[PDB]
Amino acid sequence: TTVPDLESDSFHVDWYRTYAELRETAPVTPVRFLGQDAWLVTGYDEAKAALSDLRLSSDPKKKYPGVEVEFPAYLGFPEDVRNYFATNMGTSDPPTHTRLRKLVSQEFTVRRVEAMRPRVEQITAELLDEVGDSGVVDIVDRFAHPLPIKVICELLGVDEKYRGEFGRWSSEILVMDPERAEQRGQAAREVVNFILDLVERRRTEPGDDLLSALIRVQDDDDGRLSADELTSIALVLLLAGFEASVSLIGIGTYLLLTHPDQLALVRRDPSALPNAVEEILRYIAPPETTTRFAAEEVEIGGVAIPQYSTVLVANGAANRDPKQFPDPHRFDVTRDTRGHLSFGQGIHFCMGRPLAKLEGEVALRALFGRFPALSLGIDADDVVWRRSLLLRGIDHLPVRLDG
């Protein structure tokens, strides 16, 4: 009768109740978004199956007869910039995906991540010393946002260039508004230009950073990264290396602030902080939806998805599927969070999980341990949520440091 429109307010206002209504009617249903027809998967079993079914491609660069592949996430991106945004593991199918991921894994290791633990502790300490001891402060602008950025910039050796402006480009990209399509494509071109200069700069002056190491990495069978592969990987690692963590920290702070019972338990038992981060991810997944393209007709949950269809897997909705997580709408730092889809599932499983968990744990521990009277600076129902199916988050969050 009525095909949902992902641009309506139903998907940005108490939107989880809207997901629950669709899932109950059909975990796989037709929808409209950005002017195109698509399928939305809101069931946990359906979502898991989808992400595991390789007939559902992750590569937007592939050409098929008489069809125009259009991933929403690239709204307003010129052809060349899109290619720069999509020649990396997250936008590649095996066997290309397999080799790109292996070459990067050789340098982006748990070892390199763990070695940054002290640095992350220090950056976190410094940002907190600067907020003061009292009054109202935007915890996002003064903490949640800068922390992940400083960490990713040091990992990739980013210093010069618009080190404070790319944050501005990244923001416009997180929103997909048909109106601001041109401004979105222009910001994307700016990030590309920025990466090209960075890579060229690093080739000229090597260091011990992750970028320098990827430029030299090579395997006997797999070989090495091409100039374009190298550029695109740097680009995504830079953007995805911090945006999602900013969401994790902001949303995590908000959640603990509105659930004293859960916060008390964390302050009491510190060894329980790791699972709290996991529940924060399950409750409100930053990457609410992930995109796939049907290279062949595929059946999901008894529903035949026609070949050449765009498929939107609602990771966020799946994490709220009652059949998988009982009392889904309840934030519980003590619940079993195994199987959530916030880090993905299958061959594209999120490579930054170790870094993300590190940043989340260190940040929330330092924040609440430094301010025992920390409280929200505004009414809970007045917090403004980012309008993005791509990456959910809180852009502004007033907190009272001394209660």
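One rule holds for the numbers: they count along the sequence shown, beginning at 1.
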Problem set entry | Comparing 4-12 with 392-400, the one whose average Cα B-factor in the PDB entry is higher | 4-12
For this session: Select between 109-117 and 200-208 the stretch whose C-alpha atoms have the higher average B-factor in the entry.
Result: 200-208
Seminar exercise, completed: Comparing C-alpha B-factors across 217, 173, 284, 294 in this entry, the winner is 217
For this session: Name the one of 59, 68, 45, 361 with the greatest CA B-factor according to the PDB entry.
Result: 68
For this session: Check where residue 263 lands among this chain's C-alpha B-factors and tell me if it's the lowest, middle or highest third.
Result: highest
Problem set entry | B-factor third for the C-alpha atom of residue 31 within its chain | middle
Exercise. For residue 145, does the deposited CA B-factor place it in the lowest, middle or highest third of the chain?
Worked result: lowest
Seminar exercise, completed: Sorting the chain's modelled residues by C-alpha B-factor and splitting them into thirds places residue 253 in the lowest
Problem set entry | Chain thirds of CA B-factor: placement of residue 369 | highest
